[PDB]
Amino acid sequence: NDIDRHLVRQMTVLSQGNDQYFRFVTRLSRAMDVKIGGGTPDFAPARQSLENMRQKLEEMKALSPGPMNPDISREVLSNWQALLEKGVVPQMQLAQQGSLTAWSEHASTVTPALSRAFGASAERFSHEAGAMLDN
């Protein structure tokens, strides 16, 4: 498998990126609760997930468009990019030197929308990939 291996790697990185997103949200939330509970928040875990996500985006770019339709490949990288630059990077910065209401409003609306868009792109990418492999 050469094309097959490439596809599976694209599916793998895409899944890993989406997973790092959930790790990031969950870890940032934990740290944020400690801040709300009059504590000292440790943002090293969440920053780790954020970086992991960006590195998986770099790994995805190096693999794309690969063997599939270049459009869906373009789609996934631009929505991944957006989720990072407009969602996760600003949301992290709000938790670190922003107000509580600004971080919570952004984390309850802005970042989610970007998440569902990237998630949608990822699901169609993987459905198309899976179909080709199962031919």
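Don't overthink the numbering: it's just position in the shown sequence, from 1.
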*Is the mean CA B factor in the deposited entry higher across 54-62 or across 105-113?*
105-113
*What stretch has the higher average Cα B-factor here, 10-18 or 115-123?*
115-123
*From 82, 68, 92, 76, which pick has the Cα B-factor that tops the rest in the entry?*
68
*Chain thirds of CA B-factor: placement of residue 46*: lowest
_Can you tell me whether residue 128 has a C-alpha B-factor in the lowest, middle or highest third compared with the other modelled residues of the same chain?_
middle
